[PDB]
Amino acid sequence: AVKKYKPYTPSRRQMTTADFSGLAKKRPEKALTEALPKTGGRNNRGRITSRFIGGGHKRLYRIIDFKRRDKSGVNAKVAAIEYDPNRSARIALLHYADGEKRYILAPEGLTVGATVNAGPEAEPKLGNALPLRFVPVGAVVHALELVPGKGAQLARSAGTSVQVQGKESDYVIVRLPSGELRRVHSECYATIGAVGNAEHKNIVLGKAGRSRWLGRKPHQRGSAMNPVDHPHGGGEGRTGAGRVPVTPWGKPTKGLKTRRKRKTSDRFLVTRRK
Amino acid sequence: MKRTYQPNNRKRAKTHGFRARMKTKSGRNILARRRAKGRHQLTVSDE
RNA sequence: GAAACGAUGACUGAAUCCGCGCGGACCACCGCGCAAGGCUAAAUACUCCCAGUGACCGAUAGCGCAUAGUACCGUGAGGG
RNA sequence: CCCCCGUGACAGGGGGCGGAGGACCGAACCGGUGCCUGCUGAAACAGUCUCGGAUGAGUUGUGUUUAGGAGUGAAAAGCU
RNA sequence: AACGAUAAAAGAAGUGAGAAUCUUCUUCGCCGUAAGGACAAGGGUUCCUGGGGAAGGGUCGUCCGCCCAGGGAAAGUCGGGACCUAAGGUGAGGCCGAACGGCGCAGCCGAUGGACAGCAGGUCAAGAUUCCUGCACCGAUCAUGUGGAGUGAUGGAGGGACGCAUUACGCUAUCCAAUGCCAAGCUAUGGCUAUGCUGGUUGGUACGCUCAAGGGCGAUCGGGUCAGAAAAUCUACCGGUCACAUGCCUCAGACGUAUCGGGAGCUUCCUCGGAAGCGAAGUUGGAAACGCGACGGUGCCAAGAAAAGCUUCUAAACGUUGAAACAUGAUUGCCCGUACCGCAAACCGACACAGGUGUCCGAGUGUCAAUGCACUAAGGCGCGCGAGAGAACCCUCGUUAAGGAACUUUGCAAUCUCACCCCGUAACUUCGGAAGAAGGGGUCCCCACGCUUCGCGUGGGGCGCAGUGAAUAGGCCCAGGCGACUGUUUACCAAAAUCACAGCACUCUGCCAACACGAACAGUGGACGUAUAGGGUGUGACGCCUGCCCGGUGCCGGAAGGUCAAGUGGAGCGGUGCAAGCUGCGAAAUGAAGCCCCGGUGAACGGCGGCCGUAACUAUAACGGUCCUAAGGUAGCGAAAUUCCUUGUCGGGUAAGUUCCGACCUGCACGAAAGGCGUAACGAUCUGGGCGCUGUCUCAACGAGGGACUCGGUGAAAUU
Ligand SMILES: [Mg+2]
Ligand SMILES: [Mg+2]
Ligand SMILES: [Mg+2]
Ligand SMILES: [Mg+2]
Ligand SMILES: [Mg+2]
Ligand SMILES: [Mg+2]
Ligand SMILES: [Mg+2]
Ligand SMILES: [Mg+2]
Ligand SMILES: [Mg+2]
Ligand SMILES: [Mg+2]
Ligand SMILES: [Mg+2]
Ligand SMILES: [Mg+2]
Ligand SMILES: [Mg+2]
Ligand SMILES: [Mg+2]
Ligand SMILES: [Mg+2]
Ligand SMILES: [Mg+2]
Ligand SMILES: [Mg+2]
Ligand SMILES: [Mg+2]
Ligand SMILES: [Mg+2]
Ligand SMILES: [Mg+2]
Ligand SMILES: [Mg+2]
Ligand SMILES: [Mg+2]
Ligand SMILES: [Mg+2]
Ligand SMILES: [Mg+2]
Ligand SMILES: [Mg+2]
Ligand SMILES: [Mg+2]
Ligand SMILES: [Mg+2]
Ligand SMILES: [Mg+2]
Ligand SMILES: [Mg+2]
Ligand SMILES: [Mg+2]
Ligand SMILES: [Mg+2]
Ligand SMILES: [Mg+2]
Ligand SMILES: [Mg+2]
Ligand SMILES: [Mg+2]
Ligand SMILES: [Mg+2]
Ligand SMILES: [Mg+2]
Ligand SMILES: [Mg+2]
Ligand SMILES: [Mg+2]
Ligand SMILES: [Mg+2]
Ligand SMILES: [Mg+2]
Ligand SMILES: [Mg+2]
Ligand SMILES: [Mg+2]
Ligand SMILES: [Mg+2]
Ligand SMILES: [Mg+2]
Ligand SMILES: [Mg+2]
Ligand SMILES: [Mg+2]
Ligand SMILES: [Mg+2]
Ligand SMILES: [Mg+2]
Ligand SMILES: [Mg+2]
Ligand SMILES: [Mg+2]
Ligand SMILES: [Mg+2]
Ligand SMILES: [Mg+2]
Ligand SMILES: [Mg+2]
Ligand SMILES: [Mg+2]
Ligand SMILES: [Mg+2]
Ligand SMILES: [Mg+2]
């Protein structure tokens, strides 16, 4: 499930690593690898924006299609399950009788060598790409889009599930991994099943280093900073705030809602996340 | 110890250069201002 | 400010001759005026350059220079 | 991974082998712990001796991006 | 004062107006993973020749990196460009913005990377993969022949195309050995008389049935439209078929032969010493790369550029008695870069400055190994004042009777320890460790014997005070505080108990996400991510745990009501004119979010406390404990990085202990994620104790070297 390590260096006890024994040892497709340069969390005016990003292993992008409507009707077979660095999920390769090779997110269980079919006429088995309405109620599913053909924007990270509460208007009531209930147009595609890896939540980083290998620069406690630097800065010791917990920019953290008050999407949220 | 000025032809040209100075109104304004002072050295590319 | 009048950013929007606009809230009266269409020399300003003059200076003075924006300082702007 | 030994509800244990590590001693390189010298210096921050790191959160060249209430900062109001 | 590292100088000879400083000779000394050699960046004539000597040179100069003059740098093949793309910069159109302007797809610029044809020698005083010689190679254009029907883009596909660690086989560069080969001459000072001594010992090209490890490997037919916009002998699917051991293919390098060089030196001429001519040998044994075969093998997770050239297929096209393709010949060959310094006296440091500067090369002997240490080769250098003295005092060193931390704020400093082999090794623990714990032994030479060699074991013998015989080369332990750990920080007084950290919690965020930079309905980060994700906040491995208080404050939620701005509505009040009318002010009712108010909320800000009585002069060491604000301390801890009283009290250690340890509880003024109490391990952290050892000390001596002193040369400064 996970690889462990004898304590032969101090930071090697707690450490753990993912199980790769089920990944077909393959270089990604030459026709599908794109070049992904990094950013410091800097934007086209050169300023840090996203804060504490840098370093980490060099990464290539592997193009995916989520909107499978390109290849609806025809079906392919599972060629392999490879490793993708930029995603929590393992991904998998598709060989169509059509002749095209494509990449789709790889769901929990789905084995190499299986065949899978996109398009309205497809069974409720793992991997098929169905419109939402054609999905039997209470089904477990992921890769839900918010607009038909726009592409899967929901349920993508490892071990995530969307469970269809059930049909309604033009739309279908949907259960989001956050515990939030949403309305989604039934014309939107989806892909049958739980996401995969799933044990991902259990891995242990172990040594500072690991953070750096995942391009995460150390994260700075405000309380260490200075008055000039940040609200929690100053005082003559280890200090406890001295005011409400607050972001660098001053807006309250811990408890203050933030979603914009007047918004279109609201009349599609049936229950708040809780 | 390592000192401030560490010569680099391409640096100097790309930074204090004539093309550089002309690329912007403020650099154009240097050019004119200098011409006016009667400098032998209008700009770094004059060296 | 009792705040007229011009001026627009937003919203709104009338009369054309017994008509219209002003006259320092506002009304009558009495006066001055023809908006929403354009150009216009002359008297005025300045002084890089040129000429004449001086109870201005004559080599630490007078321009920074009896010439140089040079030598020299500065990554540079710039100083000199 | 390969042989060997152990079965109280028990991981284990031995041997071969393999070659992991913000592992270890230590030079290059990176660094500045402590003392002395130096203090109109050899030097506007160093020298000898001693010391830290030394496959990593490593060191380094080149090209390039970010700036003044602004940048950048494993945070000293440090550095620009 | 000083003349810029204590690496070191001596004599002869020459020159010259003048010499410690210049030139030559002979030695001496110093570097030798460098203080030698080659690039890059930078510098700019500093290079070579001939001359010069005012100033520059920390003295002096006849000399020079200085001054004057003249020479010197040669490329189809090395590097850049006429090719390529990355970050980035640009960018018609296009998207925004008071202006100047900010973005921005394609395209374009952009090497630090992809691509790409030449090697071996020789020589100017100064250039060399450039020139000369010798033999190759590349594209391009044309001619003659082989031609005898295809050529294949601005689009397609293949390909280029990439990580870290480790490692098997073969070789080379290269270095070692020798009664191998070749050349020279000599006999020293007791011996040697060569079996001694010194030096040299194969580079390119071509061919060759010689050897050769390693490395590269599917072919074809057919089907499927739906995939590659379209096309398509190309590509990708699906299906069929082809004698697994391999052969198919390649040949790092080796041997051979031939040929072109080179080669120790030999010769001859000669002009502060060069010029030409000539030319021997080529062994066997051993070591061996980070280089080559190579795009190899295995293992790992953090999952490792792009584009062009290249190969392949059609589109269009012009052809199909001149289409590709080949062979030979001729022709052609642009632009910029090449001198010299280049770990430094020529670059950055105001200096001919003890600093800083990226990559490659970097020999031998000895040493377990090595780019370590000592000595040394090649090569380079003695650091641009010198000479004497041999006081105080100062710096850097050697040794030191007896004692051994008695020094002191503190063993600060300095010593002891020191490599490799064997023996041996504690509490404690997360079973990895602590650990090189501690401690003991061994180490050199000869000879024989055995074994797997460079070597080691065993036995016996030998010499000295001593055998990692010189250099490199851990002192150890017991016990606390803090932090878990590797890491990080105040360039130039703090390296830590600071920060970061893995782990944990709270919370926000449903994607045009929250959040953030923005003239901005632009664009961008977040993220080509999607709640196992992302932001913000605190805590800080791990273990056991993380209590009471929601009154105030802040957040989430509630809603009867009280609420509240513009506005909506103008009942009603005035002004004016004779008046229709124009006009000044303006009340109800209504009217959003937000506050008041109700509830919830601590790993939200925070709170978890006042106190009662003592003989005497308006009073000091000591006291046992009841308890007001929403509540009034659950564990664990406690004289503490927290303790005022304070050297609290007892015990420990000590001859003696304001420090340290343990216990006590009377916690001025601990306490649970501003975390509580522990915790093996880790520490240039802090604190106490011990063993060892020592000039730290009683108490200072003797010695050395560098100054200080003296003489000749040049000659500052703060201050006044
Ligand atoms: Mg964190
Ligand atoms: Mg601080
Ligand atoms: Mg503030
Ligand atoms: Mg504060
Ligand atoms: Mg008006
Ligand atoms: Mg005069
Ligand atoms: Mg280490
Ligand atoms: Mg530092
Ligand atoms: Mg003196
Ligand atoms: Mg000197
Ligand atoms: Mg001397
Ligand atoms: Mg003479
Ligand atoms: Mg001398
Ligand atoms: Mg002589
Ligand atoms: Mg050198
Ligand atoms: Mg040049
Ligand atoms: Mg002189
Ligand atoms: Mg002379
Ligand atoms: Mg010269
Ligand atoms: Mg040639
Ligand atoms: Mg732009
Ligand atoms: Mg390049
Ligand atoms: Mg080439
Ligand atoms: Mg080239
Ligand atoms: Mg090998
Ligand atoms: Mg060899
Ligand atoms: Mg011999
Ligand atoms: Mg004799
Ligand atoms: Mg291109
Ligand atoms: Mg040269
Ligand atoms: Mg200086
Ligand atoms: Mg000197
Ligand atoms: Mg120097
Ligand atoms: Mg070597
Ligand atoms: Mg050596
Ligand atoms: Mg050495
Ligand atoms: Mg020599
Ligand atoms: Mg030299
Ligand atoms: Mg003694
Ligand atoms: Mg003694
Ligand atoms: Mg004592
Ligand atoms: Mg000490
Ligand atoms: Mg043990
Ligand atoms: Mg030992
Ligand atoms: Mg003896
Ligand atoms: Mg002995
Ligand atoms: Mg030592
Ligand atoms: Mg620490
Ligand atoms: Mg450390
Ligand atoms: Mg400091
Ligand atoms: Mg310090
Ligand atoms: Mg309201
Ligand atoms: Mg006592
Ligand atoms: Mg105590
Ligand atoms: Mg803490
Ligand atoms: Mg004198």
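Protein chains in written order, with the UniProt record's numbering: chain A, 2 to 275; chain B, 1 to 47.
By construction, the Cβ of each residue, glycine as well, lies at the ideal position given by its N, Cα and C atoms.
{"Check": "Counting C-beta neighbours from all protein chains within 10 Å, is the total for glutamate 83 of chain A 16 or more, i.e. buried, or is it exposed?", "Outcome": "buried"}
{"Check": "Our contact map puts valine 196 of chain A next to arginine 134 of chain A with C-beta atoms below 8 Å; I'd like the distance itself, whole angstroms only.", "Outcome": "Contact doesn't hold; Cβ gap of about 22 Å is too wide."}
{"Check": "Tell me the DSSP secondary structure of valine 44 of chain B in three-state form.", "Outcome": "helix"}
{"Check": "Need the endpoints of the beta strand (DSSP E) that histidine 186 of chain A sits in, please.", "Outcome": "182-186"}
{"Check": "Name the residue from A/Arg274, A/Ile65 and A/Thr161 whose alpha carbon lies nearest to the alpha carbon of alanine 32 of chain A.", "Outcome": "A/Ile65"}
{"Check": "What do you get for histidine 231 of chain A, buried or exposed, if any count of 16 or more other CB atoms within 10 angstroms of its CB means buried?", "Outcome": "buried"}
{"Check": "Within the same chain, show all residues whose beta-carbon is closer than 6 Å to that of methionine 226 of chain A, passing over the 5 residues directly before and after it, in chain order.", "Outcome": "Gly234"}
{"Check": "Report the CB separation of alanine 153 of chain A from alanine 144 of chain A in whole angstroms; it is logged as a contact under 8 Å.", "Outcome": "4 Å"}
{"Check": "Can you tell which of A/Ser89, A/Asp267, A/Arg263 and A/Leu37 has the C-alpha that lies nearest to the C-alpha of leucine 61 of chain A?", "Outcome": "A/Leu37"}
{"Check": "Applying the criterion that 16 or more other CB atoms from any shown protein chain within 10 Å of the CB defines a buried residue, is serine 187 of chain A buried or exposed?", "Outcome": "buried"}
{"Check": "Looking at C-alpha atoms only, which residue of A/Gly57, A/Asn76 and A/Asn44 is the closest neighbour of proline 219 of chain A?", "Outcome": "A/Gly57"}
{"Check": "Hey, would you say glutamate 109 of chain A sits closer than 8 Å to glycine 194 of chain A, going by beta carbons?", "Outcome": "yes"}
{"Check": "With DSSP collapsed to three states, give me the class of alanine 209 of chain A.", "Outcome": "helix"}
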